[PDB]
Amino acid sequence: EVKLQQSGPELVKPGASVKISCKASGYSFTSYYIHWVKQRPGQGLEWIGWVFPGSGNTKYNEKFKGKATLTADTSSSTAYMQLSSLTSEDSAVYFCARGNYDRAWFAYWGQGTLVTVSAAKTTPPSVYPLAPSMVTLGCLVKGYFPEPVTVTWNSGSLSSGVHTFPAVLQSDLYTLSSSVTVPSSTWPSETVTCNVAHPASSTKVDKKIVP
Amino acid sequence: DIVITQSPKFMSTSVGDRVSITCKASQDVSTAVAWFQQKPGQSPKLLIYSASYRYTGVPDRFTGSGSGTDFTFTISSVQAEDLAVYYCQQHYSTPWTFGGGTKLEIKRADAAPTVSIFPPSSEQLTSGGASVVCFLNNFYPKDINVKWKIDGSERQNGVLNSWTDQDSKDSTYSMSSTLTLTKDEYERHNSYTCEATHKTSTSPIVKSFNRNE
């Protein structure tokens, strides 16, 4: 099938540049445009421009004509978008997309790339086990920058009664929590571990919850 | 720049009901309008293209109609899985602009929250911090109040709340309340209470602990 695989999250300083990638597979790379789309939480969706891989022909939104530079490398089947002179306004999830037949544009999407523009330092999370029929267990993930953090329970095995909450930003540090409700017979008899992953600091922390 | 106004911004609907979203264009864009569905943490999904044409594999409950400046998107009978943000887009003239979205919420029966309080862990205390975490899980509707009566006195400082995205299965919300303070602030008091005031019960659900038990 057609697949668009984008690069990992980035933290980049205001005034600097960042370059994101979109690896395409399952079709002829030079046969389709690669579109770029911007997603901010309160701004919605914005089309940035396209690249036609091979010629490297390009088209931009007036809004992004100086801000974005789009290229593609046919040998590695990957399109690129460079963002220059970065401001916190450029912080967004950036997608790559591809159209299908005739009028079915934006049929195929990438998974998204979170770009964070800030002068704040990359900080790993501090993870704290939360312990007290069904029993609710928790996991406190405090003091990290930037987003995101991914939390799994038992390496994603207890993904039934899990409620992972959105992080809150406070003085350049994020903090969130994840709860997991399991039957009382299972805990503490069988082990429960909160797995926390923070790509920016390349840190992984496994915290076993104990009575 | 062709501006697109999508209405409404938010919508609450029960499983089985019909819902219509409208998409207005500032100028004539013929039938070059597409409809996208985006669930939390996922990329947008193409449902309708060419105003009225259903994309491959999408269910027959989703429809689109319209020409020129007025466009409509309809779910004939809403499923629990239809919880998402729905966008329209024009592709008649560049730049291809999207609507502001319509967030679709699911109506369900009222649910009282399962409340649980957590004292700061010994490992956090070690670091000089003290965060009291109160979980309020699986409730409906989203509107909920939390008060922090520390030794009978209310606390509004250091209290941070966070709602989860509505559950795709049982249509419920969960919400965490975190009271953060310094270690020695935690050591000066004893009785910590998080009370959940919700419309389902006049008597608020209390959960408490003492520092050393």
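All values below were derived from every heavy atom in this structure, side-chain atoms included, with hydrogens, water molecules and symmetry-related copies excluded. Per chain, numbering begins at 1; letters A, B, ... match sequence-line order.
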Exercise. So do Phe118(B) and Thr136(A) actually touch side chain to side chain, heavy atoms under 4.5 Å?
Worked result: yes
Exercise. Shortest non-hydrogen contact from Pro166(A) to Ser162(B)?
Worked result: O-OG, 3.3 Å
Exercise. Is the count of non-hydrogen atoms from other residues, nucleotides or ligands lying under 6.0 Å from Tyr92(B) atom OH greater than 12?
Worked result: no
Problem set entry | side-chain hydrogen bond (donor to acceptor under 3.5 Å, both in side chains) partner of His163(A), the single match among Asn137(B), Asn138(B), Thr172(B) | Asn138(B)
For this session: Can you measure from CG (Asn100(A)) to CG (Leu46(B)) and round to the nearest 0.5 angstrom?
Result: 8.5 Å
Problem set entry | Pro129(A) side chain near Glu123(B) side chain, heavy-atom distance below 4.5 Å | yes
For this session: First locate atom CG of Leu45(A), then atom CD of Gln89(B), and finally report the distance between them rounded to the nearest 0.5 Å.
Result: 8.5 Å
For this session: Between chain A and each of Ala32(B), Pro119(B), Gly129(B), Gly41(B), count heavy-atom pairs under 4.5 Å; write down the option with the most.
Result: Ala32(B)
For this session: Could you tell me which portion of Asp167(B) (side chain, backbone, both or neither) has an atom closer than 4.5 angstrom to a non-hydrogen atom of chain A?
Result: side chain
Exercise. For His35(A) and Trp96(B), what are the C-alpha separation, side-chain angles and deciding distance, and is it a side chain to side chain contact (heavy atoms under 4.5 Å, CB included)?
Worked result: CA-CA 11 Å; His35(A) 300 275; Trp96(B) 307 309; 3.8 Å; yes
For this session: Could you look at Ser122(B) and say if it's the side chain, the backbone, both or neither that has a heavy atom under 4.5 Å from chain A?
Result: neither
Exercise. With only heavy atoms counted, which part of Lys142(A) is less than 4.5 Å from chain B, the side chain, the backbone, both or neither?
Worked result: side chain
For this session: Rounded to the nearest 0.5 Å, what's the gap from CD on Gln170(A) to OG1 on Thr180(B)? Could you check?
Result: 8.0 Å
Seminar exercise, completed: Under 4.5 Å to a heavy atom of chain A? For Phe209(B) that would be neither
Exercise. For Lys24(B), does the NZ atom sit with more than 12 other heavy atoms under 6.0 Å from it, leaving out its own atoms?
Worked result: yes
Exercise. So, do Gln111(A) and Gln42(B) sit near enough that their side-chain heavy atoms are less than 4.5 Å apart?
Worked result: no
For this session: Would you mind telling me which of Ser50(B), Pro95(B), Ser176(B), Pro44(B) has the largest number of heavy-atom pairs within less than 4.5 Å of chain A?
Result: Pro44(B)
Exercise. Is chain A contacted by the side chain of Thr97(B), its backbone, both, or neither, given a heavy-atom distance below 4.5 Å?
Worked result: neither
Problem set entry | chain B contact via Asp102(A) - which portion, at a heavy-atom distance below 4.5 Å | neither
Exercise. Nearest 0.5 Å, what's the OG-CD distance between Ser43(B) and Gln39(A)?
Worked result: 10.0 Å
Seminar exercise, completed: When the 4.5 angstrom heavy-atom criterion is applied to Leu130(A) and chain B, the contacting part is both
Exercise. Does the separation of the ring centres of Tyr101(A) and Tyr53(B) fall below 6.0 angstrom?
Worked result: no
For this session: Verify whether the ring centers belonging to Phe106(A) and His91(B) lie closer than 6.0 Å.
Result: yes
Exercise. Where does the angle between the aromatic ring planes of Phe135(B) and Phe165(A) fall among parallel (under 30°), tilted (30 to 60°) and perpendicular (over 60°)?
Worked result: parallel
Exercise. With a 4.5 Å heavy-atom cut-off, do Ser127(B) and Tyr128(A) have their side chains touching?
Worked result: yes
Exercise. Quick check: are there more than 12 heavy atoms from other residues, nucleotides or ligands sitting under 6.0 Å from CG of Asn210(B)?
Worked result: yes
For this session: Working to the nearest 0.5 Å, report the span between NZ of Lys169(B) and OG of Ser160(A).
Result: 5.0 Å
Problem set entry | Nearest heavy-atom neighbours spanning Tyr55(B) and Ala107(A) | OH-CB, 3.2 Å
Problem set entry | Side chain, backbone, both or neither of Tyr108(A) within contact of chain B (heavy atoms, under 4.5 Å) | side chain
Exercise. Given a strict heavy-atom distance threshold of 4.5 Å, which part of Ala97(A) is in contact with chain B: side chain, backbone, both, or neither?
Worked result: neither
Exercise. Is there side-chain contact between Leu140(A) and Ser121(B), with heavy atoms separated by less than 4.5 Å?
Worked result: no
Problem set entry | Region of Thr164(A) that comes under 4.5 Å of a non-hydrogen atom in chain B | backbone
Exercise. Under a 4.5 Å heavy-atom cutoff, which of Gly143(A), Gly44(A), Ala104(A) has the most pairs with chain B?
Worked result: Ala104(A)
Problem set entry | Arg103(A) side chain vs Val33(B) backbone, donor-acceptor pair below 3.5 Å | no
For this session: May I ask you to check whether over 12 heavy atoms, not counting those of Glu62(A), lie within 6.0 Å of atom CD?
Result: no
Exercise. Counting only heavy atoms not in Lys45(B), do more than 12 fall under 6.0 Å of its NZ?
Worked result: no
Exercise. How many angstroms lie between atom CH2 of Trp47(A) and atom CD of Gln90(B), to the nearest 0.5 angstrom?
Worked result: 10.0 Å
Problem set entry | Neighbour count >12 (heavy atoms, 6.0 Å) for atom NZ, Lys103(B) | no
For this session: Answer yes or no: are there more than 12 heavy-atom neighbours, outside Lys204(A) itself, under 6.0 Å from its atom NZ?
Result: no
